[PDB]
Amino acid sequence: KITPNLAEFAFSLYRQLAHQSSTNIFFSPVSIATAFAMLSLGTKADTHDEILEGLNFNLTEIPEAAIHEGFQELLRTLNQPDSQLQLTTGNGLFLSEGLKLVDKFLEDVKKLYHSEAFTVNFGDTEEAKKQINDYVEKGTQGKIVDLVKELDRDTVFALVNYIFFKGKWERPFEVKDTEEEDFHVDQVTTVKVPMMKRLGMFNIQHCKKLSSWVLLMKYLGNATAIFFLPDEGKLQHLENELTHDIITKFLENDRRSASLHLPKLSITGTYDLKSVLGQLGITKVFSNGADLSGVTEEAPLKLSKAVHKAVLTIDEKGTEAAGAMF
């Protein structure tokens, strides 16, 4: 019910990150989305709508009551892997010892977002940092270590979120076949990279709309990887031409014999989503005009920053990836 909203949010946000850098890009749409969608619960007025809307939601059409209701089922579902697939997502709410929350807020995040709550003392910025970093490290099974490196001393509450994924190729690569090959960055810049190779039947097809070759690798379980290889001088095009449905089509497909060369990857993205998210309309919550009444009636609050870190590993066995929002 909200899959399309996310799909498009992913693209919206992506196009922003692609414009801002040239560097490898990697992020977790689901992660960033549920983290903010969750925050909105304790946000009001514009600061509220501003968030929800930036996540590609039309408040008029789909009511927030149903938006949150949707994130609830999307989360419940992402947490019941096909046994052969490891997929987990956790939302934690760290509150400062001396804080008078707003009951409803705690019941909501805990109910709609399956959130956990803990009481740390941000006065001890080293211990508070230790608790959070630990939560994230545990959830992302070691993939994302010290997420928080600089925590404000006056911090009232931190809304952490993490996502973990580990799957095996439904048709893996043999390690003996992986050799070191060329990878063309520029039209005059080539770097050597350990290239994975495998000959066989693939779900590869050339979508004309995107002017790229679309390859689909299934994971043993309930997950699929989609690789888009743009035709000479058409990457910029591919990126701009992506839409939810287009991605829905490829999945309905056939198969074909081919010799595939896929490089094994080890890349990680780290982001200060304030600049990018503002570009999507989300600015209020980051300003001295942000309204976080829904969290605490105490003093007025605002976000000092929005850090996101994702880490990807792609080898012959399969793929492992973690994402964390702080």
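So that there is no doubt, residue numbering starts at 1 and follows the sequence shown.
Between 115 to 123 and 80 to 88, which has the larger average Cα B-factor in the PDB entry? The entry gives the higher C-alpha B-factor average to 80 to 88.
Mean CA B-factor: is it higher for 60 to 68 or for 269 to 277? The stretch with the larger mean CA B-factor is 60 to 68.
Reading the B-factor column of the entry, which of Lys249, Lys143, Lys192, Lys129 has the highest value at its C-alpha atom? Out of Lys249, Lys143, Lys192, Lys129, the record gives the largest C-alpha B-factor to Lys249.
For the listed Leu41, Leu301, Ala33, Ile282, which has the peak Cα B-factor recorded in the PDB entry? Highest C-alpha B-factor among the listed residues goes to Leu301.
Considering only modelled residues of the same chain, in which third does the CA B-factor of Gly139 rank: lowest, middle or highest? As the PDB entry reports it, the C-alpha B-factor of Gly139 lands in the lowest third of its chain.
C-alpha B factor of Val160, ranked within the chain: lowest, middle or highest third? Lowest third.
Which third of the chain holds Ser259 when residues are ordered by C-alpha B factor: lowest, middle or highest? Its C-alpha B-factor belongs to the highest third of this chain's values.
Which third, lowest, middle or highest, does the C-alpha temperature factor of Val295 belong to within its own chain? As the PDB entry reports it, the C-alpha B-factor of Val295 lands in the middle third of its chain.
Considering only modelled residues of the same chain, in which third does the CA B-factor of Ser12 rank: lowest, middle or highest? Lowest third of the chain for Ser12's C-alpha B-factor.
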